[PDB]
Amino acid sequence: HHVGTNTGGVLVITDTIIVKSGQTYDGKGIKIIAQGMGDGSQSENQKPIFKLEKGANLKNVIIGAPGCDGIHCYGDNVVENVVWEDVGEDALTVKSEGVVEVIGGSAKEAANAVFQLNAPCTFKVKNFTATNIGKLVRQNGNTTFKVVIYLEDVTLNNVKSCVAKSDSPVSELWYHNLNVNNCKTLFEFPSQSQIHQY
């Protein structure tokens, strides 16, 4: 394990970091603390720590409290080795269509959702651990567009509500090596047949 060269530094930001199409923000292990951008509560008016334009990537950051509105993904994004020490309103939101992959990293202390899917997308969570969360994934309530969610090598502990929840009959969730401890219910979808193993 080559810990990153920014390990032990703390970057204090006062505005959202915008990552551009085709760019990769590599924190090299930096911890980020956002100020004036939200308190990490459930209020819906906080700023994202990062905005990933379509085709932007992010890797190797620690997001400290306050988690604000987390990471906003506009599609075709890879988010690797991101650690949310204390999820804010939500950890990451898919805002526009495309494939979004969360690979590695972890999240803790999500009062409500970790991942919030507000546009049709393919959403994959791989090699990920989350602890003390309300939900891992929420498709925006009362929407009926299609998401396809993959949970692969995912370990969850203390899930207050459910692993994932969608109000869309056409959405699907697929899982493979999913470990869940202390969870109220696994899936809240219109029908359980929308959930598959692979």
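Residues carry their position along the shown sequence, with the first being 1.
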(message) Quick check on the record: does 122 to 130 or 73 to 81 carry the larger mean Cα temperature factor?
(response) 73 to 81
(request) Quick one: say whether 188 to 196 or 3 to 11 has the higher mean Cα B-factor in the deposited entry. (result) 3 to 11
(request) Please pick out which of 46, 168, 140, 155 has the largest Cα B-factor as recorded in the entry. (result) 46
(request) Please rank the C-alpha B-factors of the chain's modelled residues and tell me whether residue 88 sits in the lowest, middle or highest third. (result) lowest
(request) Tell me, lowest, middle or highest third: where does the Cα B factor of residue 162 rank within its chain? (result) middle
(request) State the tercile, meaning the lowest, middle or highest third, of residue 116 with respect to the CA B-factors recorded for its chain. (result) lowest
(request) Ordered by C-alpha B-factor within the chain, which third holds residue 61? Give me lowest, middle or highest, please. (result) middle
(message) Quick check on the deposited entry: does the C-alpha B-factor of residue 146 sit in the lowest, middle or highest third of its chain?
(response) middle
